[PDB]
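One file, data_21.cif, is given below (mmCIF, C-alpha atoms).
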data_model
loop_
_atom_site.label_atom_id
_atom_site.label_comp_id
_atom_site.auth_asym_id
_atom_site.auth_seq_id
_atom_site.Cartn_x
_atom_site.Cartn_y
_atom_site.Cartn_z
CA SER A 22 26.11 49.23 -25.78
CA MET A 23 23.47 51.48 -27.29
CA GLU A 24 22.43 48.73 -29.80
CA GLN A 25 21.80 46.22 -26.92
CA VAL A 26 19.50 48.80 -25.25
CA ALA A 27 17.53 49.49 -28.57
CA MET A 28 17.20 45.67 -28.94
CA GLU A 29 15.95 45.45 -25.32
CA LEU A 30 13.38 48.24 -26.00
CA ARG A 31 12.11 46.12 -29.03
CA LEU A 32 11.98 42.93 -26.88
CA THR A 33 10.20 45.03 -24.24
CA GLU A 34 7.73 46.37 -26.72
CA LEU A 35 7.18 42.83 -28.15
CA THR A 36 6.50 41.70 -24.58
CA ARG A 37 4.02 44.56 -24.29
CA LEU A 38 2.19 43.52 -27.45
CA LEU A 39 2.34 39.77 -26.54
CA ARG A 40 0.93 40.58 -23.07
CA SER A 41 -2.10 42.19 -24.67
CA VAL A 42 -2.41 39.21 -27.15
CA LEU A 43 -2.24 36.81 -24.17
CA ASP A 44 -5.03 38.69 -22.39
CA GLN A 45 -7.22 38.60 -25.45
CA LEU A 46 -6.66 34.84 -25.98
CA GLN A 47 -7.32 34.08 -22.40
CA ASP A 48 -10.69 36.00 -22.55
CA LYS A 49 -11.73 33.40 -25.13
CA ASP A 50 -11.52 30.78 -22.32
CA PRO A 51 -14.09 32.09 -19.79
CA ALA A 52 -14.45 28.61 -18.32
CA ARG A 53 -10.69 28.71 -17.35
CA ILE A 54 -10.06 25.22 -18.77
CA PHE A 55 -6.56 26.34 -19.93
CA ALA A 56 -5.65 28.66 -17.10
CA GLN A 57 -3.32 26.36 -15.17
CA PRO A 58 -1.18 23.25 -15.79
CA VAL A 59 -3.02 19.95 -15.89
CA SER A 60 -2.62 18.56 -12.31
CA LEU A 61 -0.30 15.52 -12.17
CA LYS A 62 -1.91 14.65 -8.82
CA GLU A 63 -5.38 14.48 -10.53
CA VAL A 64 -4.13 13.06 -13.91
CA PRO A 65 -1.10 11.03 -12.79
CA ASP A 66 -0.63 9.40 -16.27
CA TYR A 67 -0.67 12.75 -18.10
CA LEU A 68 3.00 12.79 -19.12
CA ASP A 69 2.67 9.31 -20.65
CA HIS A 70 0.27 10.98 -23.16
CA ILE A 71 1.45 14.58 -23.46
CA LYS A 72 5.16 15.31 -23.74
CA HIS A 73 5.14 19.11 -23.66
CA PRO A 74 2.31 20.33 -21.36
CA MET A 75 1.33 23.98 -21.64
CA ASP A 76 -1.17 26.41 -20.14
CA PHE A 77 -1.78 30.13 -19.86
CA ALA A 78 -0.07 30.61 -16.45
CA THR A 79 3.09 28.87 -17.73
CA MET A 80 2.98 31.13 -20.87
CA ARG A 81 2.61 34.22 -18.65
CA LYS A 82 5.66 33.30 -16.57
CA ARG A 83 7.77 32.97 -19.77
CA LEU A 84 6.32 36.19 -21.12
CA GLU A 85 7.20 38.22 -18.01
CA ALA A 86 10.79 36.99 -18.05
CA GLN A 87 10.89 38.24 -21.72
CA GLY A 88 11.28 34.66 -22.78
CA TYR A 89 9.49 34.99 -26.18
CA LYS A 90 12.00 36.14 -28.89
CA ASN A 91 9.32 36.55 -31.60
CA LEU A 92 5.55 35.87 -32.19
CA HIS A 93 6.31 32.43 -33.68
CA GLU A 94 7.59 31.16 -30.29
CA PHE A 95 4.47 32.50 -28.52
CA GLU A 96 2.17 30.89 -31.13
CA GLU A 97 4.00 27.59 -30.64
CA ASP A 98 3.05 27.61 -26.93
CA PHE A 99 -0.57 28.62 -27.70
CA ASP A 100 -0.87 25.82 -30.23
CA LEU A 101 0.45 23.34 -27.58
CA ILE A 102 -2.35 24.32 -25.24
CA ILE A 103 -4.91 23.49 -27.97
CA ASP A 104 -3.23 20.52 -29.53
CA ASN A 105 -2.47 18.76 -26.21
CA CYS A 106 -6.14 19.04 -25.25
CA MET A 107 -7.41 17.74 -28.55
CA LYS A 108 -5.22 14.65 -28.23
CA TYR A 109 -5.83 13.84 -24.53
CA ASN A 110 -9.58 14.44 -24.55
CA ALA A 111 -12.09 12.81 -26.83
CA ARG A 112 -14.11 14.75 -29.37
CA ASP A 113 -17.38 14.56 -27.39
CA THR A 114 -15.93 16.28 -24.26
CA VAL A 115 -16.34 19.76 -22.88
CA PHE A 116 -12.54 20.02 -22.83
CA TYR A 117 -12.03 19.18 -26.52
CA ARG A 118 -14.85 21.49 -27.50
CA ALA A 119 -13.33 24.28 -25.44
CA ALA A 120 -10.02 23.90 -27.34
CA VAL A 121 -11.76 24.05 -30.70
CA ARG A 122 -13.55 27.27 -29.76
CA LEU A 123 -10.30 28.80 -28.41
CA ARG A 124 -8.43 27.91 -31.60
CA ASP A 125 -11.20 29.41 -33.75
CA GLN A 126 -11.56 32.58 -31.75
CA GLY A 127 -7.84 33.03 -31.15
CA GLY A 128 -7.18 32.91 -34.93
CA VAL A 129 -8.60 36.40 -35.42
CA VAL A 130 -6.42 37.89 -32.62
CA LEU A 131 -3.31 36.13 -33.92
CA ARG A 132 -3.95 37.28 -37.51
CA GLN A 133 -3.89 40.94 -36.46
CA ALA A 134 -0.97 40.39 -34.08
CA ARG A 135 1.17 39.12 -36.95
CA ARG A 136 0.31 42.27 -38.95
CA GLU A 137 1.21 44.51 -35.90
CA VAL A 138 4.53 42.73 -35.32
CA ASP A 139 5.53 43.05 -39.02
CA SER A 140 4.12 46.63 -39.21
CA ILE A 141 5.79 48.09 -36.04
CA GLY A 142 8.90 45.89 -36.74
#

With the file now loaded, output its structure as structure tokens.
Amino acid sequence: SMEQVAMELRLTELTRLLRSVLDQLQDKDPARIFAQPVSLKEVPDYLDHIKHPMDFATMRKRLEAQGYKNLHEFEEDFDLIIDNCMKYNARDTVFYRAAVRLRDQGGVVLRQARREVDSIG
């Protein structure tokens, strides 16, 4: 149908906007602490601590398969990256501190993304 195509153009445009949001969030992590999944070879207990691991490469795979239906789902994954880190790593660590700085900096990008998603529909 024509509606299904219009829908798919919206999903495609959302994917376009979320791709740009993802790039901007990831620039706030120049150390690449959140770039890839936590290694289960190097942290073999990780899943005993963290039940839903997340990272930017995993978010990008979902994104490129148009797996985010709306901004809320994308924010959920970004918040997992942060929140997982802040639970697994202690407050005095470079990892925890990196998550705080990413949360703080990402806030600004996410604020305007919500406006753009509402605004453009």

Subject >> Chain and number of each residue from the PyMOL selection byres ((chain A and resi 122) around 12), as an NGL selection string >> reply: :A and (46-52 or 54 or 103 or 106-107 or 115-121 or 123-129)

Selection to disk with C-alpha atoms, as a short mmCIF file (atom, residue, chain, number, x, y, z; two decimals), in the frame of the given file:
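again31.cif was written with the following content:
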data_model
loop_
_atom_site.label_atom_id
_atom_site.label_comp_id
_atom_site.auth_asym_id
_atom_site.auth_seq_id
_atom_site.Cartn_x
_atom_site.Cartn_y
_atom_site.Cartn_z
CA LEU A 46 -6.66 34.84 -25.98
CA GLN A 47 -7.32 34.08 -22.40
CA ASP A 48 -10.69 36.00 -22.55
CA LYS A 49 -11.73 33.40 -25.13
CA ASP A 50 -11.52 30.78 -22.32
CA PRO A 51 -14.09 32.09 -19.79
CA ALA A 52 -14.45 28.61 -18.32
CA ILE A 54 -10.06 25.22 -18.77
CA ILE A 103 -4.91 23.49 -27.97
CA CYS A 106 -6.14 19.04 -25.25
CA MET A 107 -7.41 17.74 -28.55
CA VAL A 115 -16.34 19.76 -22.88
CA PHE A 116 -12.54 20.02 -22.83
CA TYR A 117 -12.03 19.18 -26.52
CA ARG A 118 -14.85 21.49 -27.50
CA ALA A 119 -13.33 24.28 -25.44
CA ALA A 120 -10.02 23.90 -27.34
CA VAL A 121 -11.76 24.05 -30.70
CA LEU A 123 -10.30 28.80 -28.41
CA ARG A 124 -8.43 27.91 -31.60
CA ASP A 125 -11.20 29.41 -33.75
CA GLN A 126 -11.56 32.58 -31.75
CA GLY A 127 -7.84 33.03 -31.15
CA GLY A 128 -7.18 32.91 -34.93
CA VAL A 129 -8.60 36.40 -35.42
#

Original post:
Within 12 Å of (2.9, 32.1, -16.8), in the coordinates the file gives, what residues turn up when you count only C-alpha atoms, written out as a PyMOL selection string?
Top reply: chain A and resi 40+43-44+47+55-58+75-89+95+98-99

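Distance check against residue 139 in chain A using all atoms listed in the file: of A:114, A:41, A:91, A:105, the minimum falls on A:91.
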
**OP:** Run the PyMOL selection byres ((chain A and resi 28-34) around 10) mentally over the shown coordinates, then write out the matched residues as an NGL selection string, using the chain letters and numbers from the document.
**Re:** :A and (23-27 or 35-40 or 85 or 87-91 or 138 or 141-142)

Please determine an axis-aligned box that encloses all atoms of range 39-44 of chain A listed in the file, with 4 Å added on each side, and express its centre and edge lengths in Å to one decimal as JSON.
{"center_x": -1.3, "center_y": 39.5, "center_z": -24.8, "size_x": 15.4, "size_y": 13.4, "size_z": 12.8}

**OP:** Can you turn the PyMOL selection byres ((chain A and resi 71) around 12) into a concrete residue list for this file, as a list in words?
**Re:** residues 58, 59, 61, 64, 65, 66, 67, 68, 69, 70, 72, 73, 74, 75, 101, 102, 103, 104, 105, 106, 107, 108, 109 and 110 of chain A

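Taking CA of residue 62 in chain A and CA of residue 45 in chain A as endpoints, the distance between them is 29.6 Å.
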
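For the pair CA of residue 134 in chain A and CA of residue 42 in chain A, the separation is 7.2 Å.
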